[PDB]
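**Student:** My structure is stored as query-v7.pdb, with PDB, C-alpha atoms (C1' of nucleotides).
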ATOM      1  CA  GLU K   1       4.534  39.196 -29.878  1.00  0.00           C
ATOM      2  CA  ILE K   2       6.295  36.440 -31.809  1.00  0.00           C
ATOM      3  CA  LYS K   3       5.923  38.571 -34.930  1.00  0.00           C
ATOM      4  CA  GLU K   4       7.196  41.658 -33.126  1.00  0.00           C
ATOM      5  CA  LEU K   5      10.207  39.813 -31.726  1.00  0.00           C
ATOM      6  CA  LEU K   6      11.027  38.390 -35.145  1.00  0.00           C
ATOM      7  CA  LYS K   7      10.893  41.879 -36.611  1.00  0.00           C
ATOM      8  CA  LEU K   8      13.261  43.040 -33.863  1.00  0.00           C
ATOM      9  CA  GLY K   9      15.866  41.060 -35.706  1.00  0.00           C
ATOM     10  CA  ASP K  10      15.945  41.519 -39.459  1.00  0.00           C
ATOM     11  CA  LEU K  11      14.319  38.149 -40.133  1.00  0.00           C
ATOM     12  CA  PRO K  12      11.296  37.846 -42.435  1.00  0.00           C
ATOM     13  CA  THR K  13       8.201  38.229 -40.290  1.00  0.00           C
ATOM     14  CA  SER K  14       6.318  35.539 -42.212  1.00  0.00           C
ATOM     15  CA  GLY K  15       8.598  32.930 -40.647  1.00  0.00           C
ATOM     16  CA  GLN K  16       9.395  31.194 -43.949  1.00  0.00           C
ATOM     17  CA  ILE K  17      12.562  31.919 -45.911  1.00  0.00           C
ATOM     18  CA  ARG K  18      13.733  30.826 -49.355  1.00  0.00           C
ATOM     19  CA  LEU K  19      16.251  27.991 -49.498  1.00  0.00           C
ATOM     20  CA  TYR K  20      18.439  26.515 -52.226  1.00  0.00           C
ATOM     21  CA  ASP K  21      18.938  22.859 -53.055  1.00  0.00           C
ATOM     22  CA  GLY K  22      22.378  21.405 -52.496  1.00  0.00           C
ATOM     23  CA  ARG K  23      22.928  19.232 -55.554  1.00  0.00           C
ATOM     24  CA  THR K  24      21.355  21.196 -58.391  1.00  0.00           C
ATOM     25  CA  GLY K  25      22.002  24.613 -56.890  1.00  0.00           C
ATOM     26  CA  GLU K  26      18.634  25.922 -58.074  1.00  0.00           C
ATOM     27  CA  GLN K  27      15.963  27.459 -55.897  1.00  0.00           C
ATOM     28  CA  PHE K  28      13.042  25.799 -54.192  1.00  0.00           C
ATOM     29  CA  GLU K  29       9.843  27.628 -54.977  1.00  0.00           C
ATOM     30  CA  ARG K  30       7.202  27.787 -52.277  1.00  0.00           C
ATOM     31  CA  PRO K  31       9.305  29.395 -49.517  1.00  0.00           C
ATOM     32  CA  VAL K  32       9.759  26.881 -46.711  1.00  0.00           C
ATOM     33  CA  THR K  33       9.891  27.031 -42.914  1.00  0.00           C
ATOM     34  CA  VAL K  34      13.200  26.986 -41.049  1.00  0.00           C
ATOM     35  CA  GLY K  35      13.856  27.549 -37.381  1.00  0.00           C
ATOM     36  CA  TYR K  36      15.396  26.120 -34.226  1.00  0.00           C
ATOM     37  CA  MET K  37      13.942  23.114 -32.436  1.00  0.00           C
ATOM     38  CA  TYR K  38      14.934  21.244 -29.285  1.00  0.00           C
ATOM     39  CA  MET K  39      15.506  17.526 -29.896  1.00  0.00           C
ATOM     40  CA  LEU K  40      16.441  14.625 -27.627  1.00  0.00           C
ATOM     41  CA  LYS K  41      18.151  11.334 -28.455  1.00  0.00           C
ATOM     42  CA  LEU K  42      15.999   8.653 -26.883  1.00  0.00           C
ATOM     43  CA  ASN K  43      17.463   5.594 -25.181  1.00  0.00           C
ATOM     44  CA  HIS K  44      16.564   3.151 -27.961  1.00  0.00           C
ATOM     45  CA  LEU K  45      19.833   2.744 -29.783  1.00  0.00           C
ATOM     46  CA  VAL K  46      20.262   0.570 -32.834  1.00  0.00           C
ATOM     47  CA  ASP K  47      23.231  -1.418 -31.547  1.00  0.00           C
ATOM     48  CA  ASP K  48      21.236  -2.723 -28.591  1.00  0.00           C
ATOM     49  CA  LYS K  49      18.618  -4.141 -30.990  1.00  0.00           C
TER      50      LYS K  49
ATOM     51  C1'  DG C   1     -43.735 -36.400 -11.831  1.00  0.00           C
ATOM     52  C1'  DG C   2     -43.042 -32.024 -14.711  1.00  0.00           C
ATOM     53  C1'  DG C   3     -42.466 -27.643 -16.905  1.00  0.00           C
ATOM     54  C1'  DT C   4     -40.480 -23.928 -15.332  1.00  0.00           C
ATOM     55  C1'  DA C   5     -37.061 -20.309 -13.000  1.00  0.00           C
ATOM     56  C1'  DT C   6     -32.983 -19.364 -10.434  1.00  0.00           C
ATOM     57  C1'  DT C   7     -28.402 -20.304  -8.889  1.00  0.00           C
ATOM     58  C1'  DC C   8     -23.535 -22.209  -9.152  1.00  0.00           C
ATOM     59  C1'  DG C   9     -19.544 -23.037 -11.139  1.00  0.00           C
ATOM     60  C1'  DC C  10     -16.452 -23.487 -15.099  1.00  0.00           C
ATOM     61  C1'  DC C  11     -14.504 -21.468 -19.458  1.00  0.00           C
ATOM     62  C1'  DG C  12     -12.434 -17.525 -22.044  1.00  0.00           C
ATOM     63  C1'  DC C  13     -10.230 -12.931 -22.422  1.00  0.00           C
ATOM     64  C1'  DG C  14      -3.597 -10.023 -28.814  1.00  0.00           C
ATOM     65  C1'  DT C  15       1.472 -10.722 -30.927  1.00  0.00           C
ATOM     66  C1'  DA C  16       6.617  -9.921 -30.881  1.00  0.00           C
ATOM     67  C1'  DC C  17      10.666  -7.921 -28.406  1.00  0.00           C
ATOM     68  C1'  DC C  18      14.066  -5.246 -24.677  1.00  0.00           C
ATOM     69  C1'  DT C  19      15.812  -4.072 -19.444  1.00  0.00           C
ATOM     70  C1'  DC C  20      16.063  -5.220 -14.377  1.00  0.00           C
ATOM     71  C1'  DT C  21      15.637  -8.305  -9.669  1.00  0.00           C
ATOM     72  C1'  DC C  22      14.742 -12.685  -6.840  1.00  0.00           C
ATOM     73  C1'  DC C  23      14.328 -18.117  -6.167  1.00  0.00           C
ATOM     74  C1'  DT C  24      11.977 -22.170   1.464  1.00  0.00           C
ATOM     75  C1'  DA C  25      12.142 -22.089   6.925  1.00  0.00           C
ATOM     76  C1'  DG C  26      13.480 -23.447  10.724  1.00  0.00           C
ATOM     77  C1'  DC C  27      15.949 -26.668  13.985  1.00  0.00           C
ATOM     78  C1'  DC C  28      20.147 -28.921  15.440  1.00  0.00           C
ATOM     79  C1'  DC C  29      24.428 -30.752  16.176  1.00  0.00           C
ATOM     80  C1'  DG C  30      29.333 -30.784  15.432  1.00  0.00           C
ATOM     81  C1'  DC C  31      32.548 -27.637  16.100  1.00  0.00           C
ATOM     82  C1'  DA C  32      36.130 -23.604  16.623  1.00  0.00           C
ATOM     83  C1'  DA C  33      37.373 -20.276  19.772  1.00  0.00           C
ATOM     84  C1'  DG C  34      37.866 -18.150  24.088  1.00  0.00           C
ATOM     85  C1'  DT C  35      37.965 -18.445  28.927  1.00  0.00           C
ATOM     86  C1'  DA C  36      38.165 -19.319  34.582  1.00  0.00           C
ATOM     87  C1'  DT C  37      39.985 -22.780  37.168  1.00  0.00           C
ATOM     88  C1'  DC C  38      43.039 -26.213  39.068  1.00  0.00           C
ATOM     89  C1'  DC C  39      47.177 -28.196  39.774  1.00  0.00           C
ATOM     90  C1'  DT C  40      52.360 -27.094  39.556  1.00  0.00           C
ATOM     91  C1'  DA C  41      56.366 -25.056  41.332  1.00  0.00           C
ATOM     92  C1'  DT C  42      59.530 -21.750  44.678  1.00  0.00           C
ATOM     93  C1'  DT C  43      60.492 -19.540  49.949  1.00  0.00           C
ATOM     94  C1'  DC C  44      59.857 -19.620  55.521  1.00  0.00           C
ATOM     95  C1'  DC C  45      58.392 -22.296  60.062  1.00  0.00           C
ATOM     96  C1'  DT C  46      57.545 -26.552  63.468  1.00  0.00           C
ATOM     97  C1'  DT C  47      57.300 -32.040  63.898  1.00  0.00           C
ATOM     98  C1'  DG C  48      58.635 -37.637  63.976  1.00  0.00           C
ATOM     99  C1'  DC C  49      61.609 -41.408  63.089  1.00  0.00           C
ATOM    100  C1'  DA C  50      66.188 -43.666  61.763  1.00  0.00           C
ATOM    101  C1'  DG C  51      71.161 -43.582  61.915  1.00  0.00           C
ATOM    102  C1'  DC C  52      75.110 -42.986  65.069  1.00  0.00           C
ATOM    103  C1'  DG C  53      79.272 -41.495  67.977  1.00  0.00           C
ATOM    104  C1'  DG C  54      80.318 -42.650  72.585  1.00  0.00           C
ATOM    105  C1'  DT C  55      80.797 -44.683  76.446  1.00  0.00           C
TER     106       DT C  55
END
Will you turn the file into structure tokens for me?
**Tutor:**
Amino acid sequence: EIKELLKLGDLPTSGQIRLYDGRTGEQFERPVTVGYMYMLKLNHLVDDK
DNA sequence: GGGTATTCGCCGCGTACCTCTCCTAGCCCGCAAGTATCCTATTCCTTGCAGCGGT
């Protein structure tokens, strides 16, 4: 069902797309994985240490 | 006495850092505050003794 939902949108079903480096501007081979992840900022700051 | 087994009691169990809270109990005696009470006046009445005109 993840594959089906992905294909509902026009995204590549494999889950991995092809990026481009920022500095050089040339392509990464080996298509990489990109998505959306939920992240939290834990209560261990640097300025309290 | 003596070689042995069984029990008793002491010794020991990682490093560094960050955050928070809490730290004696009970009696006693001076003492401030607040209060109910006691003495202090005024107005009426009916006595008891000293002056006092009068003769």
**Student:** Report as number ranges by chain the set of chain C residues whose atoms approach chain K to within 12 Å, with distances computed over only C-alpha atoms (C1' of nucleotides).
**Tutor:** C: 17-19
**Student:** Applying 10 Å and only C-alpha atoms (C1' of nucleotides), which residues near residue 35 (chain K) remain after dropping the ones on its own chain fewer than 5 positions away? List them as JSON, numbers by chain.
**Tutor:** {"K": [15, 16, 17]}
**Student:** Rounded to one decimal in Å, what is the spacing between CA of residue 12 (chain K) and CA of residue 39 (chain K)?
**Tutor:**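 Computing it gives 24.2 Å between the two atoms.
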**Student:** Report, in Å with one decimal, the straight-line distance from CA of residue 2 (chain K) to CA of residue 20 (chain K).
**Tutor:**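 Separation between CA of residue 2 (chain K) and CA of residue 20 (chain K): 25.7 Å.
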**Student:** What is the distance, in Å and to one decimal place, between CA of residue 30 (chain K) and CA of residue 13 (chain K)?
**Tutor:**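 Separation between CA of residue 30 (chain K) and CA of residue 13 (chain K): 15.9 Å.
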**Student:** How would region 9-34 of chain C look written as a CSV table (one decimal), in the first residue's frame with N, CA, C and O atoms (P, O5', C5', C4', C3', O3' and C1' of nucleotides)?
**Tutor:**
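Final file, selection.csv:
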chain,number,residue,atom,x,y,z
C,9,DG,P,27.4,-12.9,64.2
C,9,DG,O5',28.5,-12.0,63.5
C,9,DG,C5',29.8,-11.9,64.1
C,9,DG,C4',30.8,-11.3,63.2
C,9,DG,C3',30.3,-10.0,62.5
C,9,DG,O3',31.3,-9.0,62.6
C,9,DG,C1',31.1,-11.5,60.9
C,10,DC,P,31.0,-7.5,62.2
C,10,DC,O5',32.1,-7.1,61.2
C,10,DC,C5',33.5,-7.4,61.5
C,10,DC,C4',34.3,-7.4,60.2
C,10,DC,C3',34.1,-6.2,59.3
C,10,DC,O3',35.4,-5.7,58.9
C,10,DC,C1',33.8,-8.2,58.1
C,11,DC,P,35.5,-4.2,58.3
C,11,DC,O5',35.7,-4.4,56.8
C,11,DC,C5',36.9,-5.0,56.3
C,11,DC,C4',36.7,-5.3,54.8
C,11,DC,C3',35.9,-4.3,54.0
C,11,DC,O3',36.8,-3.3,53.5
C,11,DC,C1',35.4,-6.6,53.5
C,12,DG,P,36.1,-2.1,52.7
C,12,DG,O5',35.7,-2.8,51.4
C,12,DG,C5',36.7,-3.3,50.5
C,12,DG,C4',36.0,-3.8,49.2
C,12,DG,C3',34.8,-3.0,48.8
C,12,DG,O3',35.2,-1.7,48.2
C,12,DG,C1',34.3,-5.3,48.6
C,13,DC,P,35.4,-1.5,46.7
C,13,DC,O5',34.0,-1.8,46.0
C,13,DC,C5',33.9,-1.6,44.6
C,13,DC,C4',32.9,-2.6,44.0
C,13,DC,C3',31.6,-2.0,43.6
C,13,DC,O3',31.7,-1.4,42.3
C,13,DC,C1',31.2,-4.1,44.7
C,14,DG,P,31.5,0.2,42.2
C,14,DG,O5',32.1,0.6,40.8
C,14,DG,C5',33.5,0.5,40.6
C,14,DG,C4',33.9,1.4,39.5
C,14,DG,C3',33.5,2.8,39.6
C,14,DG,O3',34.6,3.5,40.3
C,14,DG,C1',32.9,2.1,37.4
C,15,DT,P,34.3,5.0,40.8
C,15,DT,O5',34.4,5.9,39.5
C,15,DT,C5',35.7,6.0,38.9
C,15,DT,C4',35.6,6.8,37.6
C,15,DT,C3',35.0,8.2,37.8
C,15,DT,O3',36.0,9.1,38.3
C,15,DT,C1',34.1,7.2,35.9
C,16,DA,P,35.6,10.5,39.0
C,16,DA,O5',34.8,11.3,37.9
C,16,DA,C5',35.5,12.0,37.0
C,16,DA,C4',34.6,12.6,35.9
C,16,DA,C3',33.6,13.6,36.3
C,16,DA,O3',34.1,14.8,36.6
C,16,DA,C1',32.7,12.1,34.7
C,17,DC,P,33.2,15.9,37.5
C,17,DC,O5',31.9,16.1,36.7
C,17,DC,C5',31.9,17.1,35.7
C,17,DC,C4',30.7,17.0,34.8
C,17,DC,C3',29.5,17.7,35.4
C,17,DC,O3',29.5,19.1,35.2
C,17,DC,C1',28.9,15.6,34.4
C,18,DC,P,28.7,20.0,36.2
C,18,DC,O5',27.1,19.8,35.7
C,18,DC,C5',26.7,20.4,34.5
C,18,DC,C4',25.3,20.0,34.2
C,18,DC,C3',24.3,20.4,35.3
C,18,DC,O3',23.9,21.8,35.1
C,18,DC,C1',23.8,18.2,34.5
C,19,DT,P,23.3,22.6,36.4
C,19,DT,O5',21.9,22.0,36.6
C,19,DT,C5',20.9,22.2,35.7
C,19,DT,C4',19.6,21.5,36.0
C,19,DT,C3',19.0,21.8,37.4
C,19,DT,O3',18.4,23.1,37.5
C,19,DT,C1',18.9,19.5,37.0
C,20,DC,P,18.3,23.9,38.8
C,20,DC,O5',17.3,23.1,39.8
C,20,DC,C5',16.0,22.9,39.5
C,20,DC,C4',15.3,21.8,40.2
C,20,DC,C3',15.2,22.0,41.7
C,20,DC,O3',14.1,22.8,42.0
C,20,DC,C1',15.9,19.8,41.2
C,21,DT,P,14.1,23.8,43.3
C,21,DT,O5',13.9,22.8,44.6
C,21,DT,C5',12.7,22.0,44.6
C,21,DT,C4',12.8,21.0,45.7
C,21,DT,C3',12.9,21.5,47.1
C,21,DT,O3',11.7,21.2,47.8
C,21,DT,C1',14.5,19.8,46.7
C,22,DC,P,11.4,21.9,49.3
C,22,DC,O5',12.4,21.2,50.3
C,22,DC,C5',12.2,19.8,50.6
C,22,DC,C4',13.2,19.4,51.7
C,22,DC,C3',13.4,20.3,52.8
C,22,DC,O3',13.3,19.7,54.1
C,22,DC,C1',15.5,19.8,51.9
C,23,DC,P,13.2,20.5,55.4
C,23,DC,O5',14.4,19.8,56.3
C,23,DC,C5',15.5,19.4,55.7
C,23,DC,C4',16.7,19.2,56.7
C,23,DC,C3',16.7,20.3,57.8
C,23,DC,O3',17.3,19.7,59.0
C,23,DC,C1',18.6,20.4,56.4
C,24,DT,P,17.3,20.7,60.3
C,24,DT,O5',17.4,19.6,61.5
C,24,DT,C5',16.8,18.3,61.3
C,24,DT,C4',16.1,17.9,62.6
C,24,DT,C3',14.7,18.5,62.8
C,24,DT,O3',13.7,17.5,62.9
C,24,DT,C1',16.1,18.7,64.8
C,25,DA,P,12.2,17.9,63.2
C,25,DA,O5',12.1,17.9,64.8
C,25,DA,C5',12.7,16.9,65.6
C,25,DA,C4',12.0,16.8,67.0
C,25,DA,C3',10.6,17.2,67.0
C,25,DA,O3',9.8,16.4,67.9
C,25,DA,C1',12.0,18.6,68.4
C,26,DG,P,8.3,16.7,68.2
C,26,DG,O5',8.3,17.4,69.6
C,26,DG,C5',9.0,16.8,70.7
C,26,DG,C4',9.3,17.8,71.8
C,26,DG,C3',8.1,18.6,72.3
C,26,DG,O3',8.0,18.4,73.7
C,26,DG,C1',9.9,20.1,71.8
C,27,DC,P,6.7,19.0,74.5
C,27,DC,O5',7.3,20.1,75.4
C,27,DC,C5',8.3,19.7,76.4
C,27,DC,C4',9.0,20.9,77.0
C,27,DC,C3',8.1,21.9,77.7
C,27,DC,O3',8.7,22.4,78.9
C,27,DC,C1',9.2,23.0,76.0
C,28,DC,P,7.9,23.3,80.0
C,28,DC,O5',9.1,24.3,80.5
C,28,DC,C5',10.1,24.8,79.6
C,28,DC,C4',10.1,26.3,79.6
C,28,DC,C3',9.0,27.0,80.3
C,28,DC,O3',9.4,28.2,80.8
C,28,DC,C1',8.9,27.6,78.1
C,29,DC,P,9.4,28.6,82.4
C,29,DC,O5',10.1,30.0,82.4
C,29,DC,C5',11.1,30.4,81.5
C,29,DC,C4',10.7,31.7,80.8
C,29,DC,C3',9.7,32.6,81.5
C,29,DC,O3',10.0,33.9,81.4
C,29,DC,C1',8.9,32.1,79.4
C,30,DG,P,9.4,35.0,82.4
C,30,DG,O5',9.6,36.4,81.6
C,30,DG,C5',10.8,36.6,80.9
C,30,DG,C4',10.6,37.3,79.5
C,30,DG,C3',9.7,38.5,79.6
C,30,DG,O3',10.2,39.6,78.8
C,30,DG,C1',8.6,36.9,78.3
C,31,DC,P,9.6,41.0,78.8
C,31,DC,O5',9.2,41.2,77.2
C,31,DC,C5',8.9,40.1,76.4
C,31,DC,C4',7.6,40.3,75.6
C,31,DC,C3',6.7,41.4,76.1
C,31,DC,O3',6.3,42.1,75.0
C,31,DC,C1',5.5,39.4,76.0
C,32,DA,P,5.7,43.6,75.1
C,32,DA,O5',4.7,43.8,73.9
C,32,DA,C5',5.0,43.3,72.6
C,32,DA,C4',3.8,42.9,71.8
C,32,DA,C3',2.7,44.0,71.9
C,32,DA,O3',2.0,44.0,70.6
C,32,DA,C1',1.9,42.1,73.0
C,33,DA,P,0.9,45.2,70.3
C,33,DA,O5',-0.5,44.5,70.6
C,33,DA,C5',-0.8,43.3,69.8
C,33,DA,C4',-2.1,42.7,70.4
C,33,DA,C3',-3.2,43.8,70.7
C,33,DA,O3',-4.5,43.3,70.2
C,33,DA,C1',-2.8,42.5,72.6
C,34,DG,P,-5.8,44.2,70.4
C,34,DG,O5',-7.0,43.3,69.8
C,34,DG,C5',-7.1,41.9,70.3
C,34,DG,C4',-7.8,41.9,71.7
C,34,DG,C3',-8.8,43.0,72.0
C,34,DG,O3',-10.1,42.5,71.8
C,34,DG,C1',-7.5,42.4,73.9
